[PDB]
Amino acid sequence: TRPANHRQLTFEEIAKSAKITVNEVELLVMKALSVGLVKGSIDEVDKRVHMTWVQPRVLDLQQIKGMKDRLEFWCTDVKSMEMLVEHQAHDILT
Amino acid sequence: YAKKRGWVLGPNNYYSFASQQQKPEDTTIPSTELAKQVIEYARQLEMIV
Amino acid sequence: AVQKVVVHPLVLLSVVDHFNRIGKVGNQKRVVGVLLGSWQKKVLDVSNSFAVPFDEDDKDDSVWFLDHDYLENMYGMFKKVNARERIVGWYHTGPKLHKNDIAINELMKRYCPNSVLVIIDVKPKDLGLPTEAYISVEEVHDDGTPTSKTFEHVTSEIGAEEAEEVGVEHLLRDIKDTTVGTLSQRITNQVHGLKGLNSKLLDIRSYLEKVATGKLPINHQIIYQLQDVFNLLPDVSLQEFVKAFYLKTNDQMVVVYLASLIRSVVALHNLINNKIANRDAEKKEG
């Protein structure tokens, strides 16, 4: 749902979405790390779970749309910086 | 000062508005200009040629 | 279980030869020959090869002819002159491959168990595009999709030999591209290292907008193969990069600070010795 912006999710959001209690969110994520659906870690000094999602799947055309807009941003940022490098270092290009 | 600016006298207490922002995170603005500074070194380690 | 292939810089010259050995009267616009190799342990190597007469009609695109007797003699001739080299597969050129390449492959697997094909490019040579290789695999398709071939890709590299690399340097003689570069070749390696980057990135959205429209059916295989790209790029936030990036950037600015110090004393000393020798030849000429 969140495209790796702030992937460090706290206990309240899992307890609300999965309707599970706070005393079971730690046992829930160790089972998920045991299977291999994710390879994150668990911090409890802020009660927040770090998440490095490594198990992909299918998605729809609605996530395809924002994927292209991020790709179009990915396209126009790299091409703009090549134009800054090609203009700046043209005299030493040879 | 109350009609021009704030400093509203309420229950014997003034209220001066105040906030702060936060910016240590931007390595991106010393990314572009540092890349300019490194190339203009190497532009000038040669070129009196 | 092929990791990669090693194409010596000899066989593609024989293809460019045989691309010109037919173009005088032939309008075949594809060259199909026999690839010989040296399968050592897991990595594949290609030393020598040869060609074979092959035609293909565009009508019904299912008719072909291979010369087996010419394949039996000439491979047998090469075994007598060199009992080191053997068969590893075949090759063809042209980017757009015709669909007899499964029919050619499934016949000559009676020669080679791990049969392999190599696609080269004679005319598409302008950008950075190397040779290409696939592999012969037989699965159904994925899970519940109808059965097909699905030639899987094996990555390729180029490696020479000792005389095959020294003999190359004598041939070029035009720019020669010296080893470790003096700040001009290295920036261009980042210039045209990035000219191939967005050429890949324009190509990803071109196939994506082709399938976001929905002309061709989807492949789920490429979807999650694309999806782990975007959720595995790093995000630079705090104390993992912005601390640790300056720790090596303010490190490397100390040693180039010597270049400011030392090189200024170099040219100053060359200034003093000339201004001594100038005024002393001047004061003693008259």
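Numbering of chain C is taken from Swiss-Prot, so the residues present carry the numbers 5-290, in order.
This deposition comes from electron microscopy, 3.5 Å.
Cβ atoms here come from the backbone N, Cα and C positions, even for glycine.
For the residues C:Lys28, C:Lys199, C:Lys214, the entry in Swiss-Prot flags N6-acetyllysine at a single position: C:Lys214. Between C:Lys129, C:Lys204, C:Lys219, Swiss-Prot assigns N6-acetyllysine to C:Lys204; no such entry appears for the others, which is not proof they lack it. Note: the domain 'MPN' (C:9-144) comprises 34 helix, 36 strand, 66 coil (DSSP; helix = H, G, I, strand = E, B).
On the backbone, the CA of C:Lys214 (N6-acetyllysine) and the CA of C:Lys204 (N6-acetyllysine) stand 15 Å apart. A sphere of 10 angstroms centred on the C-beta of C:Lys180 (ubiquitin cross-link) encloses 7 other C-beta atoms.
Of all the modified residues listed here (C:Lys204, C:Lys214), it is C:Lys204 whose C-beta has the fewest other C-beta atoms within 10 angstroms.
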